[PDB]
Each structure stands twice: as C-alpha cells, then as structure tokens.
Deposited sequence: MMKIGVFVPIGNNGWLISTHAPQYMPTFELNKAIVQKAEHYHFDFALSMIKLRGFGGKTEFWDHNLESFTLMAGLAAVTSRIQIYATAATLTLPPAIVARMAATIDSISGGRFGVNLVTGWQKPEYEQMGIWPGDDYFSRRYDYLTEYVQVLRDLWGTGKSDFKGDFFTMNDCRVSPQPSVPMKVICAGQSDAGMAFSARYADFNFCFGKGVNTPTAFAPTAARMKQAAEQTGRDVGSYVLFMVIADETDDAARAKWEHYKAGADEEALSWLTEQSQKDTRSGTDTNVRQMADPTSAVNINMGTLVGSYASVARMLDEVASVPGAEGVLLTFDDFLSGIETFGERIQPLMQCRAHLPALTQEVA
C-alpha cells in the first residue's frame, strides 16, 4: 500500500534540461489540468517546490517559476479531494505570514493543505535579494528552522505565540482562524541535521530516488530516516522522488530517455554544477514499459520506511494519463483504489 503524489511543474520544462524534452511555461491553467487529472486518477497529493532563480541556457531552465502558496491556493479552489502542499522558503516569509497563509488555504481546500518547510541552501536564490544570512547559515539552518516551526506550531495549535529565540521574538503574536484539521508539515532533509528536524516536526520526509531502474537504491536513505524517527518515537515515513518515463515497451521508453539525454542543455547544466543523467538533475528515473514501471514502483513500496512516491514525468499531461490507465492498475501497492 503506497501513496502517490505529483510534483507539479511550477517551473518551465518541469525536470528535463534538454532541447529534445517538451518545452512549456508554468501556467496556472497547465498546473490546473495536471492536478485535476491527478485527482481523477486518485493521486493522494500534489506538491509544488519554490525556485527563486533559474539556470539559463538554451531552455532558460527554471528562469520562469510561479510562487508556491499562491499557485496552491488557486489549485485548492479547483479541486475537492487531493491533498495540496506548498513549499515555504523560510528565509523569505515570516512564520506568522506562513501560519495565516496555511489557515487560508485550509479554508479554500476544506482541510486538504500542508506545508513543505525548507531551509534553502542555494546561496544565489537569496543573495540576489540581499537576504542571505551569510555562510554560517549552512551549519545553523536547522536551528533557524527549529525556531520557525515552534512559532508555526504555537500559532496553529493555540492561535498565539510568545516564542523568544535567537531568530524570532513573538510578543503575543496572534493568528486566527486556526486550521480546521491538524496542519501537515513535511520536510525534505537528507542530512543528519535535516532528518533529526523531520523526526521531531514532520509528518513525512521526502528523499531522492537513486539511479536508473534501481528502484530500491535509496533504501539506505530511508533506513537513516527510520533511525532518526526512532530517536523521537514518531512515525515519520519516507516519500521518494522519481521521474517516470513509461511507454508501451521497454525499448520505446529507453528511446525517449536517450532522445532527452541527446538534447542535454549543456549551458544550463554548467550553471547547475546505465548512469543517472544531469538532464534531470541526476534524479531517480524509472524507464520502461507500463508493466516494467508498475513492477519497479511495487519494489519501492517494499523498502523499509517508504510510504509513498512523489512523481515527475517527461510529459505530465500524457504521463498522468498513462500512469492512471496503464501503470496504476498493475500496481499491487494501489489495489486499495476503486
């Protein structure tokens, strides 16, 4: 039994850095079509990242990015069942503002909203607007995030905070209304510090899938996350990020993957710096027939600590359709759906 989410393309061209990949801008209407089709095929959740600066090149890769809370507020208004997660770049928003935005999208969605809390680590995204705290941030960022989430938990739990720390001073800070359901916090910590944060404050932790057609290769990461969760006694499972490149046959899927690699936008790859390829930021990739991808996702579901997968596709509109019509019906870990 495994949850499935869609990582919505809030940035241009999704997760392929290639002149041979589909070229598209992130629009509301594209993300609306993607999330409504994901909801139709019983995807459990939709998440958007936040990406405040791109990598340029021929494809202007991630030069064009919408903002995560406003995108997800719009998507909440045109959905009814799928869970909706926005990402907070915690250097860019005061916690009381995130608290109130989360209560707002709770109201829009009827209790289907959560927040992905990130420290940020790419200095230029912050330096460009004069808000990088300096190179001490690399080591202290989970101290900062710990204070941030304490403020969030106070406001969502009681409506008020008197929290006083190194980074925040709350003087009877108020945020009402409080969310109608317990607010879900998710984290994407890979480091020991990040997983220790997730074990204390997250409902679940996102990690990277690893390799091409080695679906269980992330297992050591999920094991580290289970060990971190033992230290708090909390049930904090792993949701694993993969790109799915599926077709009618293994050969046809491999032909598309190779076509994408052949178009690699090397100027964009420069800025960013059977093996994984920089063409999708060395993402965990599942490349095969619909049946091969279903088998490989059933293998993810068997890894200790894995509770779900977060999916990108080479083509989201056709990828979600073929996932729902051809892959998901063969998955033992989705036999619970209608």
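The chain's deposited sequence has unresolved stretches at 274-292, 358-364, with no C-alpha coordinates there.
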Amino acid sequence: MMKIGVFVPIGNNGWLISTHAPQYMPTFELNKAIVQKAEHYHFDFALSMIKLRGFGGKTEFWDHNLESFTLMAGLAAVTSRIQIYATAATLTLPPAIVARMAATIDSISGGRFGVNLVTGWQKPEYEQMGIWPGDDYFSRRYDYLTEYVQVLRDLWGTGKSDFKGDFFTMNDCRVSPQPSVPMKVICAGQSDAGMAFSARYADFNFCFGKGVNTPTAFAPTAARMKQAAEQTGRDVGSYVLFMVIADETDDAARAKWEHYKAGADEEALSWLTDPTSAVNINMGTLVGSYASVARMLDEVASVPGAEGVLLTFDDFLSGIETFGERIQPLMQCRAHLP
From here on, numbers count along this sequence of modelled residues.
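In the comparison with other entries of the same protein, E307 is given coordinates in all of those covering both sides of it, so it never reaches the one-third threshold. Modelling of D274 is missing from a third or more of the other compared entries in which both of its neighbours are modelled. Mean C-alpha B-factor is higher over 276-284 than over the other stretch, the pair under comparison being 46-54 and 276-284. Once the C-alpha B-factors are averaged per stretch, 159-167 and 77-85 rank with 159-167 first. Going by the entry's values, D136 shows the largest Cα B-factor out of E147, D154, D136, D106. Reading the B-factor column for the CA atoms of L66, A38, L269, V309 in the entry, the top value corresponds to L269. Per the PDB record, residue ranking by Cα B-factor puts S302 in the highest third of the chain. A219: CA B factor in the highest third of modelled residues in this chain (values from the PDB entry). In the PDB entry, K123 places in the highest third of its chain by CA B-factor. In this PDB entry, the Cα temperature factor of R140 sits in the top third of its chain's modelled residues, the highest group. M331: CA B factor in the middle third of modelled residues in this chain (values from the PDB entry).
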